[PDB]
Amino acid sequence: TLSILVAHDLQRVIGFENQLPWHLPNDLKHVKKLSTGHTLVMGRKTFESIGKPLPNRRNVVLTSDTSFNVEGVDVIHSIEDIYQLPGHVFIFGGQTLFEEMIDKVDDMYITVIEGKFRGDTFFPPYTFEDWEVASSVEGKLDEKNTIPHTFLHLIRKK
């Protein structure tokens, strides 16, 4: 199973200066629940943003750099390697990966951040005429999660 996993704001911002624009623990907890025990596929810049492989799952980085060899990371070098990997693979970012994979994945786990952030990287446009809402669940606000957000699970129609 091939999934996108992504947080994006009302204008589909995903990124600013190689970090997330928002502070939102609940969504990182969401990511953790989903991807633990499974595989993340991520491009190099995104990996460099996370810095270390995420515990307790397979971390796969897509890069052209054949020097690349990082303890705890699998390297692949073309998009097409993605479809080898076994099990539930989450496409994990960034803009270039989402743009490359969005027409190819079975389904997407999106967190809509109900906010307008300044960004420099974006999730590509998509339509609900294409994507059916398997679930929509409001995140809870609290001291430490103070931006409204909705967990969507969307499945390619038809």
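All residue numbers are counted from 1 along the displayed sequence.
Trainee: Could you check the entry and say whether 111-119 or 62-70 has the higher mean CA B-factor?
Mentor: Going by the record's values, the stretch with the higher mean is 62-70.
Trainee: Comparing against every modelled residue in the chain, figure out the third that the C-alpha B-factor of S49 lands in (lowest, middle or highest).
Mentor: Highest third of the chain for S49's C-alpha B-factor.
Trainee: Test of reading the entry: by CA B factor among the chain's modelled residues, which third contains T146?
Mentor: Its C-alpha B-factor, which the entry lists for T146, ranks in the middle third among residues of this chain.
Trainee: Based on the entry's values, in what third of the chain does the Cα temperature factor of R156 lie: lowest, middle or highest?
Mentor: Middle third.
Trainee: Per the entry's values, where does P124 land by CA temperature factor relative to the rest of its chain, in the lowest, middle or highest third?
Mentor: For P124, whose C-alpha B-factor we compare with every modelled residue in the chain, the answer is the lowest third.
Trainee: Is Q95 in the lowest, middle or highest third of its chain when residues are ranked by C-alpha B-factor?
Mentor: Answer is lowest: the recorded C-alpha B-factor places it there.
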